[PDB]
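Below: the structure, in structure tokens.
Number of protein chains: 2
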Amino acid sequence: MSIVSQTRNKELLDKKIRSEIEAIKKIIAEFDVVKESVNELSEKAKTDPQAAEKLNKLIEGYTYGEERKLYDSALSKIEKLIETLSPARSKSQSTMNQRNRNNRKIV
Amino acid sequence: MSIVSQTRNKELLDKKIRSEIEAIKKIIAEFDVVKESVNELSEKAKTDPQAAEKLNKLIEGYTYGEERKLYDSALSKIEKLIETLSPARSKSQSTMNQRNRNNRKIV
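These protein sequence lines are chains B and A, in that order.
Counting in PDB author numbering, the first sequence runs from 1 upward without gaps.
Counting in PDB author numbering, the second sequence runs from 1 upward without gaps.
Below, the structure written as structure tokens:
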């Protein structure tokens with residue numbers, strides 16, 4: 001009766017994990033964006049002196065991005081989990097070849 | 001300075017990203033939960049008489065994840081991403097070595 005459950009579960013998990021990593025990848029791409037606020041006025045400042053004046057006021061960028069403290073090691077734990085889902089050295093771990101129900105197999 | 005939106009935004013993203021890894025972790029465990037009693041039932045149907053009785057009630061709900069080939073490659077790409085965000089061996093990014101402590105290291 002699992003057929004009535006695994007009719008959407010597979011798709012659900014696929015789309016779920018797919019979206020999770022996409023959001024996280026977006027998060028990690030916003031950090032350098034905020035840090036790029038240290039030169040909001042580049043060509044504009046070069047053209048207009050008043051814009052260059054604002055440059056001395058808009059020279060920020062480091063506010064809430066350097067939060068890689070206790071949460072930094074949290075990412076290290078993720079790698080550990082991924083490694084746990086890896087072969088590490090071999091793929092034949094615990095599992096063993098079976099397929100007894102074949103009736104005279106060629107291979 | 002950027003603080004109006006950065007008020008509680010950090011907590012929002014922190015908790016959200018924390019949900020991803022927890023949700024994904026559960027999905028991985030579900031694969032073992034489903035594909036658990038397979039060799040202990042299907043294979044044992046031929047061997048044990050009681051096992052064959054149970055197989056007559058639940059036979060569809062074992063192999064539902066044998067597409068592990070190009071999918072794992074995507075996860076490996078995730079590792080590379082994490083590694084790219086890590087200083088790895090070059091631990092000099094936004095930091096420096098010290099070793100400013102000896103006091104006669106005769107032992």
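Think of the CB as a built atom: it goes at the ideal place given N, C-alpha and C, for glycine as much as any other residue.
Where the alpha helix (DSSP H) containing residue i begins and where it ends
i	result
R18(B)	9-27
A52(A)	49-55
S73(B)	72-84
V33(B)	31-34
Cβ of residue i within 9 Å of any chain A Cβ
i	result
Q98(B)	yes
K25(B)	yes
residue 108(B)	Outside the modelled stretch of chain B, which goes from 1 to 107, sits residue 108(B), for which no answer is possible.
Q6(B)	yes
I17(B)	yes
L81(B)	yes
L13(B)	yes
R101(B)	yes
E20(B)	yes
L55(B)	no
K105(B)	no
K46(B)	no
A74(B)	yes
Any chain B beta carbon closer than 9 Å to residue i
i	result
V34(A)	yes
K69(A)	no
One or two residues paired with residue i in a DSSP bridge
i	result
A88(B)	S90(B)
*Using 8 Å as the Cβ pair cut-off and three pairs as the minimum, do the stretch 63-71 of chain A and the stretch 58-72 of chain B touch?*
no
*Check whether the stretch 5-25 of chain B touches the stretch 19-31 of chain A, taking contact to mean three or more Cβ pairs, one atom from each stretch, closer than 8 Å.*
yes
*Determine, using beta-carbon pairs with one atom in the stretch 72-87 of chain B and one in the stretch 76-86 of chain A, whether at least three such pairs fall under 8 Å.*
yes
*asked:* Across the stretch 34-46 of chain B and the stretch 30-37 of chain A, are there enough close Cβ pairs to call them in contact, namely three or more that are closer than 8 Å?
replied: no
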